[PDB]
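The chain below stands alone, shown as structure tokens; this is the form deposited in one PDB entry.
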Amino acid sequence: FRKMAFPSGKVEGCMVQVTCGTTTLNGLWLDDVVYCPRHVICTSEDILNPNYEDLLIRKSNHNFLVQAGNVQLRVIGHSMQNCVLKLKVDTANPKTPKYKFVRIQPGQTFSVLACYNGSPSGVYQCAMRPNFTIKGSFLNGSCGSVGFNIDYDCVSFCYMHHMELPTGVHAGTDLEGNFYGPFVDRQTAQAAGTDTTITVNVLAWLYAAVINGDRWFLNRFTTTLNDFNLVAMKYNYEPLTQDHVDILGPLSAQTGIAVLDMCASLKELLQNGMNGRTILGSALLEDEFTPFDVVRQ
């Protein structure tokens, strides 16, 4: 098993650059709107304690340079929605895919198309941590890069990039401009909450192991969901939600192992360790493969 991104072409065709003054970030061109982080309007002085409403009042359509490559798209309207700027342009993007904007939950994975000056640089899989950071790979100029999933040719955009925390993890918004986590878009050192292990994904990984014949950890016990959740928190594992139990349904059906029986198996691994033994050739439990990722592979 390995981290596999979605093919990025449908998103590549939507990447543009947005410049105010000498500040350029990436934007997302869908139909006749370009979406980008609102702090493109900020100067070096501004980003410390920006008054975005006052800053945007000073801006006009003709202050925004939107380019597809070196081709300018004329801006005909602007508005701010939370931490994203929406620039109406006079050309509908002919490469616009079928798309949705979605807000994901911790544990869900998505592909990131890392971009610089509107030019795609690389693609990789990320998981949203329970503390609402992602372990990305982003340099200066990456803001406005997006994260996405693809289902039957419809692109669900779920992330736009804004920030690198002092710990080296990354933070951003959904495409309505609402941050994941407690972060704010200003030039300040911000800390995330303590992270936890994504239980539902560890369970998906154990199902993957069973599918491949690696099942020594299957035990004779079961547990209630409440009992499991109280134990999990003692080992810095996320509690399971009802939605977690149901997204494990297909893997539970495929293997014949009830979700709560797998929970009892995981509980024993937490309370006793793995005793040098491996699962899928690894000494560590993996928590960045979702149930869909296991099935998608």
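Superpose the two forms; the largest set of C-alphas matching within 1.5 Å is the rigid core. Residue numbers run from 1 along the displayed sequence.
Of the two segments, 199-207 and 117-125, the one listed with the higher mean B-factor is 117-125 (C-alpha atoms only). Comparing the deposited coordinates for 260-268 and 30-38, the stretch with the larger average C-alpha B-factor is 260-268.
Ranking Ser111, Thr91, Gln190, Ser145 by the C-alpha B-factor listed in the PDB entry places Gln190 at the top. Taking only the listed residues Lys135, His162, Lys95, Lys86, the entry reports the highest CA temperature factor at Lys135. Split the chain's modelled residues into thirds by C-alpha temperature factor. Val66 is in the lowest one. Residue-level temperature factors show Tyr99 in the middle third of its chain, judged at the C-alpha atom.
The entry lists a Cα temperature factor for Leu218 that places it in the highest third of the chain's modelled residues. In the PDB entry, a CA B factor belonging to the highest third of its chain's modelled residues is recorded for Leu139. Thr194: CA B factor lies in the highest third for its chain, per the PDB record.
What follows is about the form deposited in another entry, which we do not show.
Remark: with the core as the superposition reference, the CA shift of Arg215 between this form and the one not shown reaches 2 Å or more. With a cut-off of 2 Å and the rigid core superposed, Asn275 has a Cα displacement that reaches or exceeds the cut-off between this form and the one not shown. In contrast to the form presented, in the other entry the C-alpha positions of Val112 and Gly281 draw closer by 3 Å or more.
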